[PDB]
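# Descriptive analysis of the structure
Here are the chains, one letter per residue:
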Amino acid sequence: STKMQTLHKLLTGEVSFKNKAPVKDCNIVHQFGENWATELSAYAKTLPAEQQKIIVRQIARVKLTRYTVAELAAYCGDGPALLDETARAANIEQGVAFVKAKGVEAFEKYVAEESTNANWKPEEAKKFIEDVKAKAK
Amino acid sequence: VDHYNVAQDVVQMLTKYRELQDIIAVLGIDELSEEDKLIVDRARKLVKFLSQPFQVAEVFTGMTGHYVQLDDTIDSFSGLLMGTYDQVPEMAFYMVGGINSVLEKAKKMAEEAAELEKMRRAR
Amino acid sequence: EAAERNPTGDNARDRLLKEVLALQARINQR
Amino acid sequence: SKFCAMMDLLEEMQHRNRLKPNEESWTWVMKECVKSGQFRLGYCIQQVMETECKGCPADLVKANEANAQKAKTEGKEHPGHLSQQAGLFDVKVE
Amino acid sequence: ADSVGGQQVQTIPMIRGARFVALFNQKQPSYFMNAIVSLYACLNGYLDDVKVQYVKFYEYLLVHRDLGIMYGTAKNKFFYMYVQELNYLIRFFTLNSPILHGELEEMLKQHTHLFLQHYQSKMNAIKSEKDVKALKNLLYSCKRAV
Amino acid sequence: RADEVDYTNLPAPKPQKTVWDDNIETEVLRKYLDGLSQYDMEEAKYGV
Amino acid sequence: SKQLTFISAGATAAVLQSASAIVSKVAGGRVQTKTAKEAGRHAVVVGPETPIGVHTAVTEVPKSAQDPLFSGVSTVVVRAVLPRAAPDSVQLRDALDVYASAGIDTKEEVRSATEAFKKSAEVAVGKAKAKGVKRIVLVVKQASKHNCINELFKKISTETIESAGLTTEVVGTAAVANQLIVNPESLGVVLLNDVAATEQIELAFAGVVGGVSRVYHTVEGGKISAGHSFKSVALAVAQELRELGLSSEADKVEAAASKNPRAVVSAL
Amino acid sequence: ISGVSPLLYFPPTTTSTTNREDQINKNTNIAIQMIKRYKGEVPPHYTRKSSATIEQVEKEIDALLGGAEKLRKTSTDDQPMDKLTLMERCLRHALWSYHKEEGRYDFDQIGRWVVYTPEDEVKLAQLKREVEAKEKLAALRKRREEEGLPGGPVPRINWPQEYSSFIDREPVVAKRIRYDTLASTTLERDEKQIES
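Residues numbered from 1 in each chain as written, not as in the entry; some residues may be left out. Chains lettered and ligands numbered in written order. Part of a larger assembly, values for the part shown. Heavy atoms only, no water.

Structure determination for the deposited model, as stated in its record, used cryo-EM, and the stated resolution is 3.7 Å.

Spelled out as structure tokens, the structure:
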């Protein structure tokens, strides 16, 4: 109960972090956990409609904030709904350019290292590399 | 760092004055050299400045209490150590707060002394 | 020559010190 | 540091056991200095070998000189902050 | 013991003892090489013209940094302060040995000459309200650093 | 059932001062590189 | 007859061609569309890069184009823009901070920066008074490098706002961006110092709002539209046509932007 | 670095076709403008009362001093000087000051005929270190360009370690972008135009 209450207060902005750090998806995952969104969604059902709507809005805004300011400015210009697809397209274009510039094996190794550092799943990395290769040819 | 250095210098000066008290009581203040004389005077001023009346001591003392700030204390002690207040009368630091109060008391003492000397000369 | 050519609490404390020193000098003169 | 370990061993042998090091030990030390690239320690060991043993190996001396010249050419003759100029009030004493 | 109530006469033993006393002050443990080098310098009199209140700054400059390289007056080959591995060589061979004696003496002479020429002159010339405070802070920082 | 979790506490991200190689270029541009390192540390402590 | 001045500042040829096609199709040829690099009125600037001659960089949350996530939010984000010289020449925002360290005189630069900051503060306080808010939020990057430009901006902005009669709260960049993106309803009027970080934050805010057209106030006196994406450029064109005096065309362009942001030209 | 990032980091590579020549031209323009502002105004033009060349003056001085070589006598530094020695010192000082201002840095002769103060000696040492450092840096950058490595300096950083240490990804991304841009860019200026 205390975890859900603290998460709701933090999302509402009533209570800030100890160091007044920005309320970001990364920090929320670090503190509460990976399934914070799901657990909060389950908990909110025991709250009036207004509180549930506020929880949903805050969760969506946090998911949007998960991106960086530069990425949001570059890709979110046409809307948050299209932001994800724009970011994916930009990343795929960058991968295609890297492949064309520095072969294929080097790109594979670089993508592997990038996924390792970024905590991307092996399946997601394989999907991305296959997609960029298909786009190239 | 300023606080630390000021504290260390104050402790060293007080220790030196304590050591020199014995020589003073045996040979007299005149026997000591000029450097020792300056150290003695500064140490006495520091000792009298360390005194501080308390707001709950009105009945015991009969004077208003004083609240002093850390920065004010450090600055005043640094100045006294450097010698910026050598000409100030020794007693002005007794039962007072900050350097501002010290200077005000010194001004009051000087005015009273001038008035008393004028009256004496008139007599 | 080149250096010459190129170009409040502390003030209150300095003023008070000057006033006290002046008072001491005046009483000495008296 | 292999050099430090070997010097400590030599001190233990000579002082706490009364055993004079032989030329083989000094040659090993000079080889280690050359391999590490410590040309100054190589010079010092060369002087020590000349003083006590019957000279320093020419191959090791030449290797040390080559390493020193390479460092000089590349610009690593001495540290950088030492070359940096600092005034009386500029020294950033930590 | 006799100098309690009388003017002192600056003899070599008194000067060296005062410098040793100033050196003994320290907060953190000192590496054997730096310690022995400083003690040897004070014993042999490279500090006799150095001021007691500035011995700590002198030692800081001699140990943490260097002046021969900075002023382009380097002449030694292997005896340099930044080579911390010379400690075991010093342990093996006494400083009073032909192997290191000359280099050590040359380095000490160079450092002392540079310090007296440049830093101590400025220190003595300091005349201001802020420069004096900065010098005091620097001296204390060196004292509790080395 | 106690000692569960703090929630509102985030450990401070320990910044690491960028280190440059020892070279003549490094000596020439010491001031600029040091300023870049200081800016990096300030950005790390301020978030962005 | 009438002329619309299209300016490109870091914009893509695709977006520029889309804007040209949209304006041509909507207007029908009554108002010509000429391309230039500087203007004071009837001007639309496409691209993240700030154009030349703009001192105020205001943006708001239009009611019509409110995103469902950010429905009902009302905050005015105004960025102060210093005068822009040629790209090769050193910009004022950097000169004012580097010449101070170098010892070079910075009197004319300081005066120009003061004029720009005063104009930006006047616009911000006017917006705050119009909205009825009592306190505005100043945004300054806490970078040690920008220890002079930010100081001057804070001094001038707070002086002007206190003279006007409103309150000022100073903040950095990361925290203010996070607040504006998570809980923007807690901020009424936010002024930003002239920095690339502030520009990027403003662009990100405009994008996350759902696509909006920013307003730039130039030294010549006036308002010019600014966009960076297809939807933002479409909204800018609609606002420009509305200013020219075309209401039906502006409404059609707004509807096309709301419906099909990436292909408004084909949608309408 | 808790939390899966939306995207994987890639080299920005925004300097696809930004020629080092254009970058150097921009740097030269910036330096020219800054130096002009620092200097203020070019000092007013001066008309020579007499026309002569530095080489001609040096030749004349050498010829003049060659006739008195036998007369010239060495002496201790602290002892009083002779007329020949004084003329030699004054003329050489002026000539070498002119040469050093022009750009001919013969430190061997400068330290002899121009250094008379410890301040002068310190300035000479600093100038010599600066000149040697610039020459070595130019040679090293030439070798780097020949090797094909990026002209700009690069720090010694373990980006995987930085990723592991950092929680948020935005500062790390910004740092990587800045350092990659620095590596791609070349910090060189048209010394010809600067000297002109």
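The structure having been displayed, the exposition proceeds.
A few words on the overall build of chain F. Summing up its helical and strand segments, chain F has 2 helices and 0 strands in all. A principal-axis box enclosing the C-alpha atoms of chain F has dimensions of 60 × 20 × 10 Å. Per-residue burial over chain F gives 33% buried out of 48 residues. Charged side chains of chain F number 6 positive and 11 negative; the gap between the two group centres comes to 4 Å. (Helix = DSSP H or I, 4+ residues; strand = E, 2+ residues; numbered from the N terminus. Buried < 20%, exposed > 50% of the residue type's maximum accessible area, 1.4 Å probe, protein only. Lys, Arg positive; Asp, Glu negative; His and termini not counted. Charge placed at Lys NZ, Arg CZ, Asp CG, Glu CD.)

Here we come to the packing of aromatic side chains. The final tally for this structure, using the stated rule, is 22 aromatic pairs over all chains. Between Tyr80 of chain E and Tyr82 of chain E, the ring centres sit 5.8 Å apart and the planes meet at 50°, which makes this aromatic pair tilted. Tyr80 of chain E sits in the buried class, given a relative accessible area of 7%. Between the aromatic rings of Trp20 of chain F and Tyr179 of chain H, the centroid separation amounts to 6.1 Å while the plane-to-plane angle is 55°, which identifies the pairing as tilted. Placement of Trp20 of chain F in the segment before α1 (24–28) and of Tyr179 of chain H in helix α7 (residues 170–184) is noted, with the two residues assigned to different chains. (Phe/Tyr/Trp six-rings, centres within 6.5 Å; stacked < 30°, edge-to-face > 60°.)

Moving on: the interface of chain E and chain D. Every contact between the two is made by 33 residues of chain E and, on the other side, 37 residues of chain D. Interface area for chain E against chain D, summed over the two sides, is near 3,200 Å², with a carbon-plus-sulfur share of 70%. Counting the contacts that link chain E with chain D gives 1 salt bridge. Among the ionic pairs, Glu11 of chain D bridges to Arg91 of chain E, the shortest N-O distance being 2.6 Å. For the pair chain E and chain D, the number of links is 7 residue pairs in polar contact. Going through the elements one at a time, α3 (55–64), α4 (68–71), α5 (86–92), α6 (101–125) and α7 (131–145) of chain E are the ones with two or more residues in the side of chain E that touches chain D. With 7 residues, the single largest contributor to the side of chain E that touches chain D is α7 of chain E. (Contact = heavy atoms within 4.5 Å. Buried area = accessible area lost by both parts, 1.4 Å probe. Salt bridge = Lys/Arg side-chain N within 4 Å of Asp/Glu carboxyl O. Polar contact = N/O pair within 3.5 Å; in protein donor to acceptor, adjacent residues only side chain to side chain.)

Residues and elements named next belong to chain G. Overall, mixed pairing links the 10 strands, which are arranged β2-β1-β3-β10-β9-β4-β5-β8-β6-β7 in an open sheet. In this open sheet, the two strands that pair with only one neighbour each are β2 (32–36) and β7 (167–171). Here the strands of the sheet are splayed against their neighbours by 25° on average, with no regard to which way each runs. The sheet contact formed by strand β6 (residues 135–139) and β7 spans 5 bridges and is parallel. (Pairing = 2+ DSSP bridges. Axes fitted to C-alpha atoms, helices over the stretch in contact; angles between N-to-C directions.)

To continue, consider the pairing of strand β1 (residues 3–8) of chain G. All names here are of chain G. Alignment of β1 against β2, held across 5 bridges, turns out to be parallel. Paired with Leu4 across the bridge in β2 is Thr33. Where the polypeptide runs from β1 across helix α1 (residues 13–27) and back to β2, its parallel neighbour, the crossover connection is right-handed. Where β1 and strand β3 (residues 43–46) come together, 4 bridges link them in parallel fashion. Bridging from a neighbouring strand, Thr5 pairs with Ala43 of β3. (Right-handed = clockwise from strand over helix to strand, strands pointing away.)

Together, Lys118, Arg120 and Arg121 of chain B together with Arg26 and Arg30 of chain C make up a region of like positive charge exposed at the surface. For the positive patch, the leading source of residues is helix α5 (residues 99–122) of chain B, giving 3 residues. Inspection of the secondary structure puts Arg121 of chain B in helix α5. (Patch = residues over 30% accessible without salt bridge, like charges linked within 9 Å, V, L, I, M, F, W, Y side chains within 5 Å. Areas by Shrake-Rupley, 256 points an atom, 1.4 Å probe, with all protein chains shown as cover.)

Attention now moves to helix α2 (residues 92–102) of chain G. Residues and elements named next belong to chain G. Buried residues of α2: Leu92, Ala95, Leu96 and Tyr99, and no others. For α2, the angular spread of the buried residues around the axis is 100°, confining them to a single face. Residue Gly103 follows α2 closely and has a positive phi angle near 90°. (Arc of directions from axis to C-beta.)

Counting 71 residues, the largest nonpolar core has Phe3 of chain D together with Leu47, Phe57, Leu89 and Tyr119 of chain E as its most contacted members. Beyond its immediate stretch of four places on either side in the chain, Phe57 of chain E contacts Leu88 and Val91 of chain D together with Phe115, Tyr119, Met123, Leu138, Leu139 and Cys142 of chain E. By size, the runner-up hydrophobic cluster in this structure holds 33 residues, among which are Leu83 and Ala90 of chain A, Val139 of chain G together with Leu7 of chain H. (Core = buried A, V, L, I, M, F, W, Y, C linked by side-chain atoms within 4.5 Å.)

Residue and element names in this part refer to chain G. The interhelical angle for the contact between helix α7 (residues 230–244) and helix α8 (residues 247–259), taken along N-to-C directions, is 170°, at an axis separation of 8 Å. As far as their axial angle goes, α8 and α7 are roughly antiparallel. Residues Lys231, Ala234, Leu235, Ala238, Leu241 and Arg242 of α7 form the contact with α8, whose participating residues are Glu249, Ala250, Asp251, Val253, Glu254 and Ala257. Its residues placed into classes, the contact of α7 with α8 shows 7 nonpolar, no polar and 5 charged. (Parallel < 35°, antiparallel > 145°, perpendicular 65-115°, else oblique. Nonpolar A, V, L, I, M, F, W, Y, C, P; charged D, E, K, R; others polar.)

What follows deals with the interface of chain F and chain H. Listed as interface residues are 18 residues of chain F and, on the opposing side, 24 residues of chain H. Carbon and sulfur atoms make up 64% of the area that chain F and chain H hide from each other, which totals about 1,800 Å². At the junction of chain F with chain H, the criterion picks out 4 salt bridges. Close ionic contact of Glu43 of chain F with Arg178 of chain H constitutes a salt bridge, the shortest N to O distance being 3.0 Å. Taken together, the elements giving at least two residues each to the side of chain F that touches chain H come down to α1 and α2 (30–46) of chain F. For the side of chain F that touches chain H, the element with the highest residue contribution is α2 of chain F, accounting for 6 residues. In terms of residue class, the side of chain F that touches chain H is made up of 11 nonpolar, 2 polar and 5 charged.

All names here are of chain H. Positionally, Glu162 belongs in helix α6 (residues 159–165). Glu162 gets classed as buried once you look at its relative accessible area, which sits at 12%. In this structure, the C-alpha to C-alpha distance between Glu162 and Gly111, residues 51 residues apart in sequence, is 50 Å.

With that settled, the discussion passes to a nonpolar patch on the surface. Residue and element names in this part refer to chain H. A cluster of nonpolar residues, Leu64, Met81, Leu86, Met87 and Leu91, forms a patch on the protein surface that exposes about 440 Å² of accessible area. Its place among the elements puts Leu91 in helix α3 (residues 83–102). Take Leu91: its relative accessible area is 32%, and that puts it in the partly exposed class.

Attention shifts here to the side chain of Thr5 of chain G. All names here are of chain G. Of note, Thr5 is situated in strand β1. Classification of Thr5 by relative accessible area gives buried; the value is 17%. Look past the residues within four positions of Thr5 in its chain and what remains in contact with it is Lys34, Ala36, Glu38, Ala39, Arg41, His42, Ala43 and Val44.

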